[PDB]
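Working notes for the structure below.
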Amino acid sequence: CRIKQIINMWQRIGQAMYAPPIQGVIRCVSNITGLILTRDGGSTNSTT
Amino acid sequence: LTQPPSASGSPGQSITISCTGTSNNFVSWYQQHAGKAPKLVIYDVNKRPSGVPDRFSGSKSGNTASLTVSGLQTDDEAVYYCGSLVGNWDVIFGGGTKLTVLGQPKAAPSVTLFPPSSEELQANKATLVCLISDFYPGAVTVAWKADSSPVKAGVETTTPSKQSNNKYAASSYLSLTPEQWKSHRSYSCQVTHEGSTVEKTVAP
Amino acid sequence: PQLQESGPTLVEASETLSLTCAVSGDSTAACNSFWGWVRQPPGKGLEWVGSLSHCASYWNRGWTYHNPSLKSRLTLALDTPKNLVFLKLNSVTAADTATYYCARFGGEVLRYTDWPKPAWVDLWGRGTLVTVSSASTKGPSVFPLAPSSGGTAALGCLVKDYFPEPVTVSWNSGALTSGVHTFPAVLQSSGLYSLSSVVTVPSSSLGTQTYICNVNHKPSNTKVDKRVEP
Amino acid sequence: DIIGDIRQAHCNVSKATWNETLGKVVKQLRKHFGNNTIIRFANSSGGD
Ligand SMILES: *[C@@H]1O[C@H](CO)[C@@H](O[C@@H]2O[C@H](CO)[C@@H](O[C@@H]3O[C@H](CO[C@H]4O[C@H](CO[C@H]5O[C@H](CO)[C@@H](O)[C@H](O)[C@@H]5O[C@H]5O[C@H](CO)[C@@H](O)[C@H](O)[C@@H]5O)[C@@H](O)[C@H](O[C@H]5O[C@H](CO)[C@@H](O)[C@H](O)[C@@H]5O)[C@@H]4O)[C@@H](O)[C@H](O[C@H]4O[C@H](CO)[C@@H](O)[C@H](O)[C@@H]4O[C@H]4O[C@H](CO)[C@@H](O)[C@H](O)[C@@H]4O[C@H]4O[C@H](CO)[C@@H](O)[C@H](O)[C@@H]4O)[C@@H]3O)[C@H](O)[C@H]2NC(C)=O)[C@H](O)[C@H]1NC(C)=O
Ligand SMILES: *[C@@H]1O[C@H](CO)[C@@H](O[C@@H]2O[C@H](CO)[C@@H](O[C@@H]3O[C@H](CO[C@H]4O[C@H](CO)[C@@H](O)[C@H](O[C@H]5O[C@H](CO)[C@@H](O)[C@H](O)[C@@H]5O)[C@@H]4O)[C@@H](O)[C@H](O[C@H]4O[C@H](CO)[C@@H](O)[C@H](O)[C@@H]4O[C@H]4O[C@H](CO)[C@@H](O)[C@H](O)[C@@H]4O[C@H]4O[C@H](CO)[C@@H](O)[C@H](O)[C@@H]4O)[C@@H]3O)[C@H](O)[C@H]2NC(C)=O)[C@H](O)[C@H]1NC(C)=O
Ligand SMILES: *[C@@H]1O[C@H](CO)[C@@H](O[C@@H]2O[C@H](CO)[C@@H](O[C@@H]3O[C@H](CO)[C@@H](O)[C@H](O[C@H]4O[C@H](CO)[C@@H](O)[C@H](O)[C@@H]4O[C@H]4O[C@H](CO)[C@@H](O)[C@H](O)[C@@H]4O)[C@@H]3O)[C@H](O)[C@H]2NC(C)=O)[C@H](O)[C@H]1NC(C)=O
Ligand SMILES: *[C@@H]1O[C@H](CO)[C@@H](O[C@@H]2O[C@H](CO)[C@@H](O[C@@H]3O[C@H](CO)[C@@H](O)[C@H](O)[C@@H]3O)[C@H](O)[C@H]2NC(C)=O)[C@H](O)[C@H]1NC(C)=O
Ligand SMILES: *[C@@H]1O[C@H](CO)[C@@H](O[C@@H]2O[C@H](CO)[C@@H](O[C@@H]3O[C@H](CO)[C@@H](O)[C@H](O)[C@@H]3O)[C@H](O)[C@H]2NC(C)=O)[C@H](O)[C@H]1NC(C)=O
Ligand SMILES: *[C@@H]1O[C@H](CO)[C@@H](O[C@@H]2O[C@H](CO)[C@@H](O)[C@H](O)[C@H]2NC(C)=O)[C@H](O)[C@H]1NC(C)=O
Ligand SMILES: *[C@@H]1O[C@H](CO)[C@@H](O[C@@H]2O[C@H](CO)[C@@H](O)[C@H](O)[C@H]2NC(C)=O)[C@H](O)[C@H]1NC(C)=O
Ligand SMILES: *[C@@H]1O[C@H](CO)[C@@H](O)[C@H](O)[C@H]1NC(C)=O
């Protein structure tokens, strides 16, 4: 995993947010409940 | 870790003491003056700490680690221990190397062996004492024998100490049963100094 | 930076040995070094005891290292606010008698991989001597040593089991100086002490003129004079 | 300064749990893409 403090999400220009440092080691446990998937356009549709 | 028992040199000469059993680079050497606390003279092999002269240098070749002291002086007389990290987090120390910068001259040891007394046997105890003195360097090994075969039991040997004449002296104490004392006629005491050995024998 | 050891200098056998180190000039909270102990038995080599550190990672609340042999009988503790180090030894024997030094461990402590790796002691303490005895105070057993070389022979007085030190042995109550010698004490497997003396005298003096050593022991209250004959 | 393990941020996923789900998910795609077909997975193509 890579860490980036300065971020522009949602394609925002003009405003960049700096994530402040955190004391100690950060640990988190979450549930993975779903995905965002895309299908390739190359076809060969009847193959794979 | 295996460290040589003794080491000697004249002022201005350079001494190199070794250590083996180090597969890692965590090797470090210490200096302990008699009646004082040990002080780290080197760490991480060659690297020196604060307030330590350049003449102290660590070195490690293969499985062998080495410390080098050039330009000897009075204050260099002490016991030198080596140590290094092993495995996961445990650390071990060597037997240590005793380096002496005492004054001249070299001399052969002197052994005087005393058999148990008549009053001592009455306590159902038998003890023989080898007195070794006037030797250089200050490290000597002592061995015991009965008639022929060596004696591996009851041996108590202590580190030698400098005398008023600057010559070192030591005493080894052998405690056994009166039964094995009267059975075995002669008891030999072997004292090994710089290769050459000096022997004494007593029989009742 | 100064390390000051404190605790009982005299402990009985099979009991619990407890020692506390007081640091000055540094914080035990510091993650740069480990804190522990190194004991040096009389006239012997340096042995590693153990070290710990509260500066932890995500899977632990700290780190604590014990020497495999001494692991069972020891307990290590660090007080961070009060800046103190603790050592507790359960079921102590006379074999555990040593000069205990307060030790600061340097190494890969401030930046490690996996577990922290302490390898060398950068800062030492003055240290104190702790003697473990199953007894109290005992008087030495005195036996004479009968001589037989080289025109002048040597004779002495034997000092057997005693505790604690010291013992003073003089020849004819300080009558002879030149050609007089005394050897250091020896620790027995039974936890006691022993030593001896030696004097060189001509063979012509052998006769009605005899030699008597004066033994003196303060703790056990022992003053014993013995004549030596071959 | 960083005091501790020298490491890069990392994300853990249990091999058994992800696989079990995958086996159940890959069968649902075959309710559309047909009873029998080859479904291969691959990481992101490229972009931001
Ligand atoms: C994502 O997934 C990742 C996995 O893919 C995951 O990584 C895993 O993380 C966890 C934690 O997050 C890891 O678990 C820890 O592992 C530590 C290290 O384990 C290694 O080392 C030990 C020790 O091995 C030495 O000692 C034994 C016994 O003497 C010997 O048999 C060994 O050969 C070796 O001996 C050498 O060193 C000695 C000491 O220097 C020398 O004396 C000796 O001569 C030798 O030179 C091994 O036992 C481990 O082996 C195990 O794992 C392998 C894996 O292949 C197995 O094959 C094997 O069978 C074993 O199962 C391994 O090699 C552990 O130390 C640690 O456990 C400690 O902490 C817990 C905390 O609750 C305690 O309960 C526990 O009792 C341990 O405490 C001791 O150790 C700590 C320091 O670690 C001390 O602070 C503590 O006081 C105590 O010390 C006492 O005991 C020591 C002996 O253990 C002694 O030396 C001390 O002096 C003192 O008396 C814990 O289990 C896990 O390994 C990772 N796995 C991988 C694959 O990376 C990752 O986290 C995940 N990510 C996230 C975000 O979750
Ligand atoms: C990451 O790196 C970090 C360093 O950068 C490191 O953080 C260090 O972690 C250790 C371990 O916790 C800390 O030591 C603690 O010190 C506590 C007192 O801290 C104050 O005083 C210090 C000295 O001046 C200050 O340095 C410290 O400042 C810190 O915190 C500030 C915010 O408060 C912060 O701004 C600073 O930057 C700095 O980070 C603070 O001012 C001390 O109380 C504590 O002892 C308890 O906790 C230990 C575990 O953390 C236990 O092992 C220990 O036994 C103590 O628990 C007992 O006592 C508590 C009350 O004192 C009770 O609540 C407990 O329940 C427990 O009591 C039970 O148990 C006892 C026996 O154990 C028993 O007797 C009781 O009766 C009862 O049964 C601890 O020693 C250190 O201060 C941290 N900081 C530094 C700079 O070192 C961190 O560990 C690393 N790892 C991770 C994952 O983050
Ligand atoms: C992401 O992180 C989470 C959290 O760390 C992970 O989920 C945890 O996974 C671990 C292991 O898979 C699991 O730990 C076990 O939990 C059991 C209870 O559910 C415990 O009983 C068990 O403890 C025993 O084993 C330890 C290690 O061997 C010992 O240290 C401990 O003392 C226990 O041993 C005892 O019990 C035996 C009998 O069984 C007895 O003989 C002994 O005397 C002693 O009493 C484990 O700790 C956690 O429960 C999980 N946590 C949660 C919330 O589910 C997850 O796996 C991580 N994911 C990835 C991908 O890495
Ligand atoms: C991927 O998913 C498969 C299931 O589709 C997992 O296979 C599982 O493998 C374990 C063995 O590692 C099976 O346990 C076995 O159980 C039988 C019956 O009790 C026993 O005889 C064996 O000794 C062993 O214990 C388990 O049953 C099996 N799953 C199923 C559904 O049968 C596989 O483990 C997954 N991937 C990984 C990471 O293993
Ligand atoms: C998703 O996984 C693929 C598969 O590993 C990653 O592709 C890899 O991309 C790197 C470039 O960053 C390739 O290195 C290149 O190697 C070729 C051949 O030696 C060389 O000509 C290039 O100059 C460069 O060094 C690497 O080969 C390539 N993997 C394979 C199997 O070809 C991809 O980076 C992954 N995507 C993400 C977002 O991580
Ligand atoms: C991830 O899923 C688990 C299981 O669905 C959640 O844990 C459950 O929390 C509810 C809260 O009411 C409990 O009733 C369940 O008993 C819990 N599960 C189990 C197996 O005990 C967990 O909360 C989910 N993750 C998050 C972030 O909420
Ligand atoms: C990052 O670089 C700075 C210097 O720009 C380091 O700070 C120096 O650290 C040394 C210790 O070796 C000190 O002697 C200097 O006085 C420090 N200088 C300043 C300006 O702070 C810093 O240590 C480096 N990163 C770290 C903390 O590892
Ligand atoms: C798909 O499977 C169903 C039964 O599972 C079957 O009726 C149908 O003919 C299959 N379609 C194919 C093989 O194209």
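Labels for the structure tokens follow display order: chains A, B, ..., residues from 1 in each chain, ligands from 1.
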Residues up to 10 Å from ligand 7, counting only C-alpha atoms and all ligand atoms: could you list those as number ranges by chain?
C: 111; D: 1-3
Resulting file, chosen residues, N, CA and C atoms, as a CSV table (one decimal), in the first residue's frame:
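Resulting contents of part.csv:
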chain,number,residue,atom,x,y,z
C,111,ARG,N,15.3,1.7,14.8
C,111,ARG,CA,14.9,1.4,13.5
C,111,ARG,C,15.2,-0.1,13.2
D,1,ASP,N,10.2,11.8,12.5
D,1,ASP,CA,10.9,10.6,12.2
D,1,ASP,C,10.1,9.3,12.6
D,2,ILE,N,10.4,8.2,11.9
D,2,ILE,CA,9.7,7.0,12.1
D,2,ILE,C,10.4,6.1,13.1
D,3,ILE,N,9.8,5.8,14.2
D,3,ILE,CA,10.4,4.9,15.2
D,3,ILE,C,9.7,3.6,15.3
Taking only C-alpha atoms into account, which residues of chain B are within 7 Å of chain C, as a PDB file with N, CA, C and O atoms, in the first residue's frame?
ATOM      1  N   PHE B  26      27.296  -7.659  14.364  1.00  0.00           N
ATOM      2  CA  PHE B  26      26.900  -6.991  15.600  1.00  0.00           C
ATOM      3  C   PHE B  26      27.997  -7.039  16.658  1.00  0.00           C
ATOM      4  O   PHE B  26      27.781  -6.632  17.800  1.00  0.00           O
ATOM      5  N   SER B  28      30.923  -6.509  19.201  1.00  0.00           N
ATOM      6  CA  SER B  28      31.334  -5.360  20.002  1.00  0.00           C
ATOM      7  C   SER B  28      32.314  -5.791  21.087  1.00  0.00           C
ATOM      8  O   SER B  28      32.222  -6.902  21.606  1.00  0.00           O
ATOM      9  N   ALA B  37      33.621  -0.950  36.618  1.00  0.00           N
ATOM     10  CA  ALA B  37      32.592  -1.364  35.676  1.00  0.00           C
ATOM     11  C   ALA B  37      33.147  -1.443  34.256  1.00  0.00           C
ATOM     12  O   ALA B  37      34.050  -0.688  33.896  1.00  0.00           O
ATOM     13  N   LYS B  39      33.459  -0.965  30.219  1.00  0.00           N
ATOM     14  CA  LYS B  39      33.164   0.135  29.310  1.00  0.00           C
ATOM     15  C   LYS B  39      33.300  -0.305  27.855  1.00  0.00           C
ATOM     16  O   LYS B  39      34.256  -0.993  27.495  1.00  0.00           O
ATOM     17  N   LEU B  40      32.342   0.092  27.024  1.00  0.00           N
ATOM     18  CA  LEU B  40      32.337  -0.303  25.620  1.00  0.00           C
ATOM     19  C   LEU B  40      33.348   0.534  24.846  1.00  0.00           C
ATOM     20  O   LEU B  40      33.213   1.753  24.744  1.00  0.00           O
ATOM     21  N   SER B  84      28.317 -10.178  20.628  1.00  0.00           N
ATOM     22  CA  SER B  84      27.587  -9.961  19.387  1.00  0.00           C
ATOM     23  C   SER B  84      26.182 -10.533  19.477  1.00  0.00           C
ATOM     24  O   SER B  84      25.919 -11.446  20.260  1.00  0.00           O
ATOM     25  N   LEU B  85      25.281  -9.997  18.663  1.00  0.00           N
ATOM     26  CA  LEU B  85      23.922 -10.512  18.585  1.00  0.00           C
ATOM     27  C   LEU B  85      23.911 -11.843  17.854  1.00  0.00           C
ATOM     28  O   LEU B  85      24.676 -12.049  16.915  1.00  0.00           O
ATOM     29  N   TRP B  89      17.144 -12.264  18.956  1.00  0.00           N
ATOM     30  CA  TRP B  89      17.414 -11.102  19.798  1.00  0.00           C
ATOM     31  C   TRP B  89      18.348 -11.400  20.964  1.00  0.00           C
ATOM     32  O   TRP B  89      18.689 -10.500  21.731  1.00  0.00           O
ATOM     33  N   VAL B  91      21.842 -12.224  22.908  1.00  0.00           N
ATOM     34  CA  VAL B  91      23.214 -11.769  22.753  1.00  0.00           C
ATOM     35  C   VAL B  91      24.130 -12.516  23.718  1.00  0.00           C
ATOM     36  O   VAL B  91      23.755 -12.798  24.858  1.00  0.00           O
ATOM     37  N   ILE B  92      25.324 -12.855  23.248  1.00  0.00           N
ATOM     38  CA  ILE B  92      26.271 -13.611  24.055  1.00  0.00           C
ATOM     39  C   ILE B  92      27.601 -12.877  24.181  1.00  0.00           C
ATOM     40  O   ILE B  92      27.910 -11.987  23.389  1.00  0.00           O
ATOM     41  N   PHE B  93      28.380 -13.260  25.185  1.00  0.00           N
ATOM     42  CA  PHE B  93      29.693 -12.672  25.410  1.00  0.00           C
ATOM     43  C   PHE B  93      30.767 -13.750  25.401  1.00  0.00           C
ATOM     44  O   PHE B  93      30.504 -14.902  25.748  1.00  0.00           O
ATOM     45  N   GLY B  95      34.701 -15.268  26.542  1.00  0.00           N
ATOM     46  CA  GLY B  95      35.362 -15.456  27.820  1.00  0.00           C
ATOM     47  C   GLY B  95      36.143 -14.217  28.203  1.00  0.00           C
ATOM     48  O   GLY B  95      36.444 -13.992  29.375  1.00  0.00           O
ATOM     49  N   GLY B  96      36.469 -13.408  27.202  1.00  0.00           N
ATOM     50  CA  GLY B  96      37.213 -12.185  27.417  1.00  0.00           C
ATOM     51  C   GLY B  96      38.711 -12.380  27.315  1.00  0.00           C
ATOM     52  O   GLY B  96      39.230 -13.454  27.616  1.00  0.00           O
ATOM     53  N   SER B 117      46.997 -32.573  55.786  1.00  0.00           N
ATOM     54  CA  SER B 117      47.628 -32.712  57.092  1.00  0.00           C
ATOM     55  C   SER B 117      47.016 -33.871  57.869  1.00  0.00           C
ATOM     56  O   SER B 117      46.067 -34.505  57.409  1.00  0.00           O
ATOM     57  N   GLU B 119      45.690 -33.541  60.924  1.00  0.00           N
ATOM     58  CA  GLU B 119      44.515 -33.010  61.602  1.00  0.00           C
ATOM     59  C   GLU B 119      43.333 -32.875  60.644  1.00  0.00           C
ATOM     60  O   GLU B 119      42.175 -32.978  61.051  1.00  0.00           O
ATOM     61  N   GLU B 120      43.633 -32.653  59.369  1.00  0.00           N
ATOM     62  CA  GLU B 120      42.598 -32.499  58.354  1.00  0.00           C
ATOM     63  C   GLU B 120      41.905 -33.819  58.025  1.00  0.00           C
ATOM     64  O   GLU B 120      40.697 -33.852  57.791  1.00  0.00           O
ATOM     65  N   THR B 158      41.394 -20.358  40.762  1.00  0.00           N
ATOM     66  CA  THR B 158      40.997 -18.953  40.776  1.00  0.00           C
ATOM     67  C   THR B 158      41.960 -18.068  39.986  1.00  0.00           C
ATOM     68  O   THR B 158      43.133 -18.402  39.820  1.00  0.00           O
ATOM     69  N   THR B 159      41.446 -16.942  39.500  1.00  0.00           N
ATOM     70  CA  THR B 159      42.231 -15.983  38.726  1.00  0.00           C
ATOM     71  C   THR B 159      43.406 -15.406  39.514  1.00  0.00           C
ATOM     72  O   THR B 159      43.231 -14.929  40.635  1.00  0.00           O
TER      73      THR B 159
END
If we count only C-alpha atoms, what is near residue 25 (chain A) at a cut-off of 10 Å, once residues fewer than 4 positions away on the same chain are taken out, given as a PDB file with N, CA and C atoms, in the first residue's frame?
ATOM      1  N   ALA C  56       6.155  -0.380  21.488  1.00  0.00           N
ATOM      2  CA  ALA C  56       5.653  -1.589  20.853  1.00  0.00           C
ATOM      3  C   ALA C  56       5.300  -1.429  19.382  1.00  0.00           C
ATOM      4  N   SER C  57       4.624  -2.448  18.861  1.00  0.00           N
ATOM      5  CA  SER C  57       4.091  -2.433  17.509  1.00  0.00           C
ATOM      6  C   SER C  57       2.599  -2.741  17.560  1.00  0.00           C
ATOM      7  N   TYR C  58       2.012  -3.039  16.407  1.00  0.00           N
ATOM      8  CA  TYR C  58       0.565  -3.207  16.324  1.00  0.00           C
ATOM      9  C   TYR C  58       0.054  -4.507  16.946  1.00  0.00           C
TER      10      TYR C  58
ATOM     11  N   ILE D   3       9.762   5.767  14.232  1.00  0.00           N
ATOM     12  CA  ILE D   3      10.382   4.916  15.241  1.00  0.00           C
ATOM     13  C   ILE D   3       9.701   3.561  15.347  1.00  0.00           C
ATOM     14  N   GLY D   4      10.327   2.524  14.805  1.00  0.00           N
ATOM     15  CA  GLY D   4       9.714   1.211  14.825  1.00  0.00           C
ATOM     16  C   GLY D   4      10.137   0.365  13.645  1.00  0.00           C
TER      17      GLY D   4
END
Proximity of chain A to ligand 6: per-residue shortest pair, 8 Å limit, only C-alpha atoms and all ligand atoms, as a tab-separated table:
residue	atom	partner	partner_atom_place_in_ligand_line	distance
A:29	CA	ligand 6	27 (C)	7.3
A:30	CA	ligand 6	27 (C)	5.1
A:31	CA	ligand 6	1 (C)	4.9
Got time to write the residues from that selection, N, CA and C atoms, as a CSV table (one decimal), in the first residue's frame?
chain,number,residue,atom,x,y,z
A,29,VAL,N,-9.7,-2.6,11.0
A,29,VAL,CA,-10.3,-3.8,10.4
A,29,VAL,C,-11.7,-3.5,9.9
A,30,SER,N,-11.9,-3.8,8.6
A,30,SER,CA,-13.2,-3.5,7.9
A,30,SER,C,-13.8,-4.7,7.2
A,31,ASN,N,-15.0,-4.6,6.8
A,31,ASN,CA,-15.6,-5.6,5.9
A,31,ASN,C,-15.6,-5.2,4.5
List all protein, DNA and RNA residues that have an atom no more than 8 Å from any atom of ligand 5, counting only C-alpha atoms and all ligand atoms, and report them as a ChimeraX atom specification.
/D:42-46
Shell around residue 39 (chain A) at 12 Å using only C-alpha atoms, local window under 5 positions removed, as a PDB file with N, CA and C atoms, in the first residue's frame:
ATOM      1  N   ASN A  45     -15.909 -12.334 -28.493  1.00  0.00           N
ATOM      2  CA  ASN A  45     -16.942 -12.342 -27.467  1.00  0.00           C
ATOM      3  C   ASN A  45     -17.374 -13.766 -27.160  1.00  0.00           C
ATOM      4  N   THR A  48     -13.798 -15.970 -24.703  1.00  0.00           N
ATOM      5  CA  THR A  48     -13.655 -15.790 -23.263  1.00  0.00           C
ATOM      6  C   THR A  48     -13.740 -14.315 -22.887  1.00  0.00           C
TER       7      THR A  48
ATOM      8  N   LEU D  29     -21.738 -15.046 -12.608  1.00  0.00           N
ATOM      9  CA  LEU D  29     -21.468 -14.439 -13.903  1.00  0.00           C
ATOM     10  C   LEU D  29     -21.857 -15.388 -15.025  1.00  0.00           C
ATOM     11  N   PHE D  33     -23.143 -14.991 -18.779  1.00  0.00           N
ATOM     12  CA  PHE D  33     -22.156 -15.256 -19.819  1.00  0.00           C
ATOM     13  C   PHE D  33     -22.168 -16.714 -20.282  1.00  0.00           C
ATOM     14  N   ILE D  39     -13.289 -17.600 -17.389  1.00  0.00           N
ATOM     15  CA  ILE D  39     -13.236 -16.289 -16.764  1.00  0.00           C
ATOM     16  C   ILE D  39     -11.885 -16.059 -16.108  1.00  0.00           C
ATOM     17  N   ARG D  40     -11.134 -15.105 -16.642  1.00  0.00           N
ATOM     18  CA  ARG D  40      -9.813 -14.799 -16.117  1.00  0.00           C
ATOM     19  C   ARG D  40      -9.841 -13.450 -15.418  1.00  0.00           C
ATOM     20  N   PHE D  41      -9.115 -13.350 -14.312  1.00  0.00           N
ATOM     21  CA  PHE D  41      -9.012 -12.096 -13.579  1.00  0.00           C
ATOM     22  C   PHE D  41      -7.641 -11.454 -13.753  1.00  0.00           C
ATOM     23  N   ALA D  42      -7.610 -10.125 -13.742  1.00  0.00           N
ATOM     24  CA  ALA D  42      -6.358  -9.382 -13.845  1.00  0.00           C
ATOM     25  C   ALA D  42      -6.473  -8.030 -13.146  1.00  0.00           C
ATOM     26  N   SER D  44      -5.636  -3.805 -12.457  1.00  0.00           N
ATOM     27  CA  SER D  44      -6.052  -2.617 -13.199  1.00  0.00           C
ATOM     28  C   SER D  44      -5.227  -2.411 -14.468  1.00  0.00           C
ATOM     29  N   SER D  45      -5.889  -1.947 -15.524  1.00  0.00           N
ATOM     30  CA  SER D  45      -5.230  -1.695 -16.802  1.00  0.00           C
ATOM     31  C   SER D  45      -4.244  -0.537 -16.713  1.00  0.00           C
TER      32      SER D  45
END
Would you write out, as CSV, a table of all residues in chain C that have an atom no more than 10 Å from an atom of ligand 2, listing for each the closest atom pair and the distance in Å to one decimal, considering only C-alpha atoms and all ligand atoms and ordering rows by chain and rising residue number?
residue,atom,partner,partner_atom_place_in_ligand_line,distance
C:27,CA,ligand 2,23 (C),7.3
C:28,CA,ligand 2,87 (O),7.5
C:29,CA,ligand 2,87 (O),3.7
C:30,CA,ligand 2,87 (O),5.0
C:31,CA,ligand 2,87 (O),6.0
C:32,CA,ligand 2,87 (O),9.4
C:53,CA,ligand 2,11 (C),8.1
C:54,CA,ligand 2,11 (C),4.5
C:55,CA,ligand 2,89 (O),3.6
C:56,CA,ligand 2,91 (N),3.9
C:57,CA,ligand 2,93 (C),4.2
C:58,CA,ligand 2,93 (C),5.1
C:59,CA,ligand 2,93 (C),7.9
C:60,CA,ligand 2,93 (C),7.4
C:61,CA,ligand 2,49 (C),6.1
C:62,CA,ligand 2,89 (O),6.9
C:63,CA,ligand 2,89 (O),9.8
C:77,CA,ligand 2,54 (O),8.3
C:78,CA,ligand 2,80 (O),7.3
C:79,CA,ligand 2,80 (O),5.9
C:80,CA,ligand 2,80 (O),4.2
C:81,CA,ligand 2,23 (C),4.6
C:82,CA,ligand 2,23 (C),7.7
C:83,CA,ligand 2,23 (C),7.8
C:110,CA,ligand 2,2 (O),9.6
Take the residues from that selection and put them in a file with N, CA, C and O atoms, as a short mmCIF file (atom, residue, chain, number, x, y, z; two decimals), in the first residue's frame.
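As a result, selection_18.cif now contains:
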data_model
loop_
_atom_site.label_atom_id
_atom_site.label_comp_id
_atom_site.auth_asym_id
_atom_site.auth_seq_id
_atom_site.Cartn_x
_atom_site.Cartn_y
_atom_site.Cartn_z
N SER C 27 15.19 9.20 29.75
CA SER C 27 13.84 8.69 29.96
C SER C 27 13.74 7.23 29.55
O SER C 27 14.28 6.83 28.52
N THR C 28 13.04 6.43 30.35
CA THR C 28 12.80 5.03 30.04
C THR C 28 11.80 4.91 28.90
O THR C 28 11.67 3.85 28.28
N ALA C 29 11.08 6.00 28.63
CA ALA C 29 10.12 6.04 27.53
C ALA C 29 10.82 6.01 26.18
O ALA C 29 10.25 5.55 25.19
N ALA C 30 12.05 6.51 26.14
CA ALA C 30 12.81 6.60 24.89
C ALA C 30 12.92 5.25 24.18
O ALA C 30 13.28 4.24 24.79
N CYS C 31 12.61 5.25 22.89
CA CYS C 31 12.60 4.03 22.08
C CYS C 31 13.95 3.76 21.43
O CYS C 31 14.08 2.84 20.62
N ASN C 32 14.96 4.56 21.78
CA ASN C 32 16.28 4.44 21.17
C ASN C 32 17.11 3.28 21.71
O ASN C 32 18.02 2.80 21.03
N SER C 53 11.14 -3.43 26.56
CA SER C 53 10.80 -2.10 26.08
C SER C 53 9.30 -1.97 25.82
O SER C 53 8.69 -2.84 25.19
N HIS C 54 8.71 -0.88 26.32
CA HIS C 54 7.29 -0.65 26.16
C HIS C 54 6.95 -0.12 24.77
O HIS C 54 5.80 -0.19 24.33
N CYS C 55 7.95 0.42 24.08
CA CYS C 55 7.77 0.92 22.72
C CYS C 55 7.44 -0.24 21.80
O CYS C 55 8.32 -0.98 21.37
N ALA C 56 6.15 -0.38 21.49
CA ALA C 56 5.65 -1.59 20.85
C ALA C 56 5.30 -1.43 19.38
O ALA C 56 5.63 -0.43 18.74
N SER C 57 4.62 -2.45 18.86
CA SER C 57 4.09 -2.43 17.51
C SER C 57 2.60 -2.74 17.56
O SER C 57 1.99 -2.71 18.63
N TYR C 58 2.01 -3.04 16.41
CA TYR C 58 0.56 -3.21 16.32
C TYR C 58 0.05 -4.51 16.95
O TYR C 58 -1.13 -4.61 17.27
N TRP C 59 0.93 -5.50 17.12
CA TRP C 59 0.47 -6.79 17.63
C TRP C 59 0.85 -7.03 19.09
O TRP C 59 0.49 -8.05 19.67
N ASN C 60 1.59 -6.09 19.68
CA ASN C 60 2.00 -6.24 21.07
C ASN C 60 1.93 -4.94 21.85
O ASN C 60 1.85 -3.85 21.27
N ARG C 61 1.95 -5.05 23.17
CA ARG C 61 1.95 -3.90 24.05
C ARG C 61 3.36 -3.57 24.51
O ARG C 61 3.57 -2.66 25.31
N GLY C 62 4.33 -4.33 24.00
CA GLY C 62 5.73 -4.09 24.30
C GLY C 62 6.63 -5.22 23.87
O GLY C 62 6.22 -6.13 23.15
N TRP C 63 7.88 -5.17 24.32
CA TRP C 63 8.85 -6.23 24.05
C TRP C 63 9.57 -6.60 25.33
O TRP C 63 9.92 -5.72 26.11
N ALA C 77 10.72 -5.79 34.54
CA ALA C 77 9.70 -4.75 34.58
C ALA C 77 10.28 -3.34 34.39
O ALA C 77 11.35 -3.03 34.91
N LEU C 78 9.57 -2.50 33.64
CA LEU C 78 9.96 -1.10 33.47
C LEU C 78 8.86 -0.14 33.91
O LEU C 78 7.72 -0.24 33.48
N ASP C 79 9.23 0.81 34.77
CA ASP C 79 8.35 1.91 35.14
C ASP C 79 8.69 3.17 34.34
O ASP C 79 9.70 3.82 34.60
N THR C 80 7.85 3.50 33.36
CA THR C 80 8.11 4.63 32.48
C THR C 80 7.95 6.02 33.13
O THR C 80 8.84 6.86 32.98
N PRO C 81 6.84 6.27 33.85
CA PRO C 81 6.75 7.59 34.48
C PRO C 81 7.84 7.82 35.52
O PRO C 81 8.48 8.87 35.52
N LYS C 82 8.06 6.83 36.38
CA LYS C 82 9.00 6.99 37.48
C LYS C 82 10.43 6.76 37.01
O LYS C 82 11.38 6.96 37.76
N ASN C 83 10.57 6.35 35.75
CA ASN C 83 11.87 6.13 35.12
C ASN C 83 12.72 5.12 35.88
O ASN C 83 13.89 5.38 36.16
N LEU C 110 16.01 1.57 17.40
CA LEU C 110 15.27 2.76 17.00
C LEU C 110 14.71 2.59 15.59
O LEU C 110 13.73 3.24 15.21
#
Residues up to 8 Å from ligand 8, counting only C-alpha atoms and all ligand atoms: could you list those as a PyMOL selection string?
chain D and resi 34-36
